[PDB]
């Protein structure tokens, strides 16, 4: 069953039942309420994308350099969330990993439909890779994101094959495609924060036509070839409609020879890392991310 702490929280975001502005506001005020841990320095930068100037926030850790750079792609169903609402989480990640985090403000639907978010996420990652020196970030680049952001991270890792050298991909309860059949999708369709109705709504805002459902840049699970992708940490949540598809992607990556640590956090829901001050499991997931990136970037415990 759910951790009673989470059940209590749930029993006390109106996606598809309020305006885009209102749902964005509700989400901002929820996510941004978490404590902001001190980092060494924060900078807002503009990354010159192929289709837009991409705002990003750069967090520097108190540890001395050189650093690895983690590109972070926020969740929010391709429609809500932003860099500023993810500031608490990105600060926590920065401190856990002792690395630079660059959180990307990719273009959001419905104003900018698929594949805008993908293009911005990839363009940002490409630019950061080519400018690691600016961050004292010579230990390399990794990519991470949660939920819809995990979709984008997975897709960026695919697009980066034979171009960038991503050291790692961190997929935090990712969406990896269109799922009308998995047990978790059916069983946890309602009552666990992220619902099937929300997922369908987000899909309706982001995608342009049903054809986009078959585009690997939306459904990385059907990519022709997953071999040669960066090693992955894939976190799933037990009570999450997206759980089974995330674990399927982990399995597909493993079958393609990609190293994957797939961990199901029991008793929790989609989005639980954003709840880290309330949900201890969220802190522990952040710590797991920390371990994996300190090892990959620095060969440190």
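Numbering follows the first chain given and starts at 1.
- Once the C-alpha B-factors are averaged per stretch, 38-46 and 244-252 rank with 38-46 first.
- Looking at 140-148 and 190-198 together, the entry lists the larger mean B-factor for 190-198, computed on C-alpha atoms.
- Residue set 91, 74, 161, 107: peak C-alpha B-factor at 161 (per PDB entry).
- Going by the entry's values, 209 shows the largest Cα B-factor out of 121, 184, 95, 209.
- The entry lists a Cα temperature factor for residue 177 that places it in the highest third of the chain's modelled residues.
- In the deposited entry, the Cα temperature factor of residue 19 places it in the highest third of its chain's modelled residues.
- Among all modelled residues in its chain, residue 70 ranks in the lowest third by Cα B-factor.
- In this PDB entry, the Cα temperature factor of residue 62 sits in the top third of its chain's modelled residues, the highest group.
- Ranked by Cα temperature factor within the chain, residue 78 sits in the lowest third according to the deposited record.
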